[PDB]
Amino acid sequence: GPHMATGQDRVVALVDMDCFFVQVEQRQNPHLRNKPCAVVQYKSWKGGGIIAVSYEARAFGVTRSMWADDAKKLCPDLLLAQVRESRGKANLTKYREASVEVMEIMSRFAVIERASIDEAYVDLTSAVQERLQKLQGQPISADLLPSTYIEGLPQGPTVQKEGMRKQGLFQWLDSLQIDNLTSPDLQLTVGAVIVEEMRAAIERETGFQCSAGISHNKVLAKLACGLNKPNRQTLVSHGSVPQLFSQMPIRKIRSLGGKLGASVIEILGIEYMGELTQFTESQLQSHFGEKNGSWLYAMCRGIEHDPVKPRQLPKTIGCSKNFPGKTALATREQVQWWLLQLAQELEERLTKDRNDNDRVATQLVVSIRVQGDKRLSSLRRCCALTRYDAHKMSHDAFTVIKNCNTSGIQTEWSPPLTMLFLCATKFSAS
DNA sequence: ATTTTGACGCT
DNA sequence: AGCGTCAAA
Ligand SMILES: [Ca+2]
Ligand SMILES: [Mg+2]
């Protein structure tokens, strides 16, 4: 009752760019705008592998991981943009730089946590409080929320999408308690006003559209963000959680999309997130561990406490290349040449990072996959990263992995290498 | 023969 | 330190 917490203390948003790499290429090449389009890496094998897909192309069934030749089978007029290749490998610089454009705009509004190349969490709690004081008890107009969905509404006693959106928004605003600056629902609504402004700024200043979720924590904000895509935002209130979760597959919640989620389904014999409420905290801890158990117990009730970390920059800078099937690296010369290519791209990115961000990486992590392993990485070794020098970095990576060569022969490498990975880590201020 | 990334937990 | 899990384009 009165001491039972409800996880309504914060306002958190998750902003996610729509079909991000596609939008970067469409900004650059107007011929691709408003077209079924995809971004591919490496044309030679089956037309290249698709990594991003415009919504027009998704309507034909084109997806990520599809080979372009197969996507062309689904969408004969599919347009393609290729990832740049440098030093023999795909180079993602253009997308990292576009990401920086968007992150810097978001940072003007509030503290952000960079969650991936195209998404960031936003802690809006303080901005909401300040805006509520500026408003001076003044009601919130639907005009301030032109692209917002209220999850769960309309409800109770129009057949077009925008009509439904406006009906739900009207019901929500009609109900709000604006005279109470401490109402969680009002705080979320002001949060949504701010996110509308943030999203307008992103589009004005970059050309890129995005979707967003607004709720009381990161998991619900991420879930909300995905409910109305593209170019829309969704408010998930605490009160919307019981109905939302009653038919929500467990795997849709962040961190439960893999083995743990599968084990929750199998061990408990349930399918939907809401069904978790019927277990005690200790029961969940017994099956899934203390940390996971407590997390599940609170999360199925819509409560999560993970903070929006103040971190706009990535914590690691990495480069990797797969060598699939018959192209696996089988000679010492091959392994060293590709370590050099990787180290050169890495030196370039590290030098840029040092100039822009006043920091230096101090550890180099080397990872390889050997032919036969189902595991993504077969081996990981580290060494000191003392100079941004590609020849030195490539020499050190070879030195720390050379003893993996089973081969009795001088020049040959066995078992062949199907992956090389260099990652600069452990940044210190400079 | 999705590939190329990034963060974080366990022991 | 090294391995495993989960997730983004
Ligand atoms: Ca996205
Ligand atoms: Mg994303």
Side-chain angles (χ1 to χ4, degrees), chain A residues 14 16-25 38-54 63-71 81-86 89-96 98-99 102 113-121 208 218-219 222 225-226 251-263 288-292 295 306 309 311 313-328 342 345-346 349 363 365-369 371 373-383 400-401 418-426:
Chain A
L14 177 294
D16 200 323
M17 312 307 296
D18 298 325
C19 56
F20 185 49
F21 288 14
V22 165
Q23 289 200 84
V24 176
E25 297 293 334
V39 174
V40 301
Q41 308 186 124
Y42 306 122
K43 293 295 292 186
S44 308
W45 186 269
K46 300 176 124 170
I50 291 176
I51 59 173
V53 185
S54 81
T63 65
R64 174 172 296 131
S65 76
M66 205 167 260
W67 298 117
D69 286 351
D70 293 334
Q82 303 185 46
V83 176
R84 164 191 152 189
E85 285 172 65
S86 301
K89 65 182 290 304
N91 185 309
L92 306 170
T93 300
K94 185 195 305 186
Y95 316 108
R96 290 192 186 100
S99 175
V102 174
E113 177 183 344
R114 180 200 199 270
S116 75
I117 196 166
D118 68 354
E119 51 198 296
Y121 294 94
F208 303 145
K218 292 162 70 178
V219 162
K222 177 53 176 170
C225 184
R251 67 179 176 272
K252 303 301 187 176
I253 293 88
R254 206 239 294 167
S255 82
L256 302 181
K259 292 206 252 217
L260 172 63
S263 73
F288 311 111
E290 324 213 307
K291 188 169 48 53
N292 285 336
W295 183 86
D306 185 41
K309 301 174 167 217
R311 187 188 77 241
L313 305 172
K315 305 169 83 160
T316 54
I317 298 184
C319 309
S320 91
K321 185 135 184 51
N322 292 351
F323 304 93
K326 183 174 176 177
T327 70
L342 287 177
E345 178 185 330
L346 187 58
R349 285 166 57 195
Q363 182 176 76
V365 175
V366 64
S367 179
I368 66 180
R369 190 208 234 170
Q371 194 149 60
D373 245 294
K374 180 182 179 299
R375 275 172 323 162
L376 272 55
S377 162
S378 290
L379 184 142
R380 167 236 223 263
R381 291 296 197 269
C382 55
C383 65
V400 298
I401 72 169
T418 52
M419 184 271 292
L420 295 175
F421 183 25
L422 295 181
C423 183
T425 72
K426 301 286 196 203

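Every chain is numbered from 1 and lettered A, B, ... according to where its sequence line falls, protein lines coming before strand lines.
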**OP:** Among A:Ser320, A:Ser378, A:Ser377, find the residue that satisfies the side-chain hydrogen bond (donor to acceptor under 3.5 Å, both in side chains) test when tested with A:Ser367.
**Re:**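 Answer to the side-chain hydrogen bond (donor to acceptor under 3.5 Å, both in side chains) test with A:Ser367 among A:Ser320, A:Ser378, A:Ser377: A:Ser377.
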Original post:
Given that A:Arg349 and A:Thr327 both sit by DNA chain B, which one's nearest nucleotide is further toward the 5' end?
Top reply: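 Taking each residue's closest nucleotide, the earlier one in sequence belongs to A:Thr327.
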Original post:
Which comes earlier along DNA chain B counting from the 5' end, the contact point of A:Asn91 or that of A:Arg311, where each point is its nearest nucleotide?
Top reply: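 This one resolves to A:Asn91.
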Over all strands shown, is [X] touching base, sugar-phosphate only, or nothing at heavy-atom distances under 4.0 angstrom?
X        : result
A:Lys309 : sugar-phosphate
A:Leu422 : nothing
A:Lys46  : nothing
A:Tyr42  : sugar-phosphate
A:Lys291 : sugar-phosphate
A:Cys423 : nothing

Between the side chain of [X] and the main-chain N/O of [Y], is any donor-acceptor distance below 3.5 Å?
X        : Y        : value
A:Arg311 : A:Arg114 : yes
A:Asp70  : A:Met66  : no
A:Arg369 : A:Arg375 : yes
A:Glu113 : A:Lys309 : yes
A:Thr425 : A:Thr316 : no

Subject >> Base versus backbone protein contacts along nucleotides 2-9 of chain C [heavy-atom cut-off under 4.0 Å; B, S, -] >> reply: BBSSSSSB
**OP:** Heavy atoms of chain A, cut-off under 4.0 Å: which first and last nucleotide of DNA chain B, 5' to 3', fall inside that, if you could look?
**Re:**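 The protein-touched segment is B:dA1 to B:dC10.
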Original post:
If you look at every heavy atom in A:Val102 and A:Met17, which pair is closest and at what distance?
Top reply: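 Scanning both residues completely, I find the closest heavy atoms to be CG1-SD, 3.7 Å.
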Enumerate, atom names and distances included, each donor-acceptor pair closer than 3.5 Å involving a side-chain atom of residues 43-52 of chain A, sequence neighbours excluded.
residue : atom : partner : partner atom : Å
A:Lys43 : NZ   : A:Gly47 : O            : 3.2

Original post:
side-chain hydrogen bond (donor to acceptor under 3.5 Å, both in side chains) between A:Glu25 and A:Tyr95: does it pass, once the steps are laid out?
Top reply: CA-CA 9 Å; A:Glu25 297 293 334; A:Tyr95 316 108; 2.7 Å; yes
